[PDB]
């Protein structure tokens, strides 16, 4: 069973934790990776019900289980705040353009 399902992608809590930790470290270090410079700010204009406060940052979570190191980021993202709190898991999958929908 999946803890988070992003379209057809299946993620376990452990997967989320690993991705989050990588993203947060880069954030602390004032560093970014990839052509789209992740991690980057995330604006909650869609109003997802995140129980944690902003600012929020987004970092790619890969279907493969590997930690994002540049290259194609896919459609899935983990969202964390300034305090390294998990805000949620979201995806471009099933959303128009560059918009997002929440992973279930």
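Residue numbers count along the first chain shown, from 1.
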Open item on the list: Which is higher on mean Cα B factor in this entry, 39-47 or 65-73?
Closed with: 65-73
- [ ] Higher average CA B factor in the deposited record is what I'm after, so tell me if that's 79-87 or 17-25.
- [x] 79-87
- [ ] Can you work out whether the C-alpha temperature factor of residue 12 puts it in the lowest, middle or highest third of the chain?
- [x] middle
- [ ] Would you please rank residue 30 by its C-alpha temperature factor against the other modelled residues of its chain and give the third it falls in: lowest, middle or highest?
- [x] middle
